[PDB]
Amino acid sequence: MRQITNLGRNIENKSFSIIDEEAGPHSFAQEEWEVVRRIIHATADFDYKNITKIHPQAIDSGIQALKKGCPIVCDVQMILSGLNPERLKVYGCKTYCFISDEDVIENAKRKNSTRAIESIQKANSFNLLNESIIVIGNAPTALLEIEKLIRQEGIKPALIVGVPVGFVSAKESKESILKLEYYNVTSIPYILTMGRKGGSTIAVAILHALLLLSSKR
């Protein structure tokens, strides 16, 4: 479930209350607001109240795949190191991150690409991008490879959590997921933070919020 003192639980509920009060009126649904607020909570940055975008199917589609014990593929290790394994076992979700794998780094140097792009391709070769939750919280090149695989092959992940932070392709990487949404009738559900802002913590924030939402039947 989760290990946190009753005090910590009080400090947290005390924060969410302040965050709600401060943010002011917003345009999210109850279920959605919880994810947005959770990001604000993880960063003390209120911009995620505006830059955060939640595909209409994002919550259901994601919580559903979570219960099926679907896999969770992250681009950077930190994201994994932030999830309570105990909470994940309940559903039986397997996690992945080939960013530091031997072959990935070998192909990346050879192909003159990035590790993130190559680990996304590795997860793809094992059919891991299928009906799963892909969390990109650091490498835009990763989120772009997904953009590509979606058009090229049909990869149909359960949910894309594209919140990479960057100054070069971060902005675009997220905009492109929105372009896929425009052209397709039934597009891949997503939760992304538009612009350059994002990061492992933002992603973890989202996962925890989603899990807690699932927990609440």
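Heads up: residue numbers just count along the shown sequence, starting at 1.
S.K.: Which has higher Cα B-factors on average according to the PDB entry: 150 to 158 or 22 to 30?
M.R.: Looking at the recorded C-alpha B-factors, 22 to 30 comes out higher on average.
S.K.: Highest mean C-alpha temperature factor of the two stretches 131 to 139 and 84 to 92, which is it?
M.R.: Per the PDB record, 84 to 92.
S.K.: Place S173 in the lowest, middle or highest third of its chain's C-alpha B-factors, as listed in the PDB entry.
M.R.: Lowest third.
S.K.: Tell me, lowest, middle or highest third: where does the Cα B factor of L210 rank within its chain?
M.R.: As the PDB entry reports it, the C-alpha B-factor of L210 lands in the lowest third of its chain.
S.K.: Where does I117 sit by CA temperature factor within its chain: lowest, middle or highest third?
M.R.: It belongs to the middle third of the chain when residues are ordered by C-alpha B-factor.
S.K.: Grab the CA temperature factor for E145 from the record and place it in the lowest, middle or highest third of its chain.
M.R.: Lowest third - that is where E145 ends up once the chain's C-alpha B-factors are sorted.
S.K.: In terms of the CA temperature factor given in the entry, to which third of its chain does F167 belong: lowest, middle or highest?
M.R.: As the PDB entry reports it, the C-alpha B-factor of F167 lands in the lowest third of its chain.
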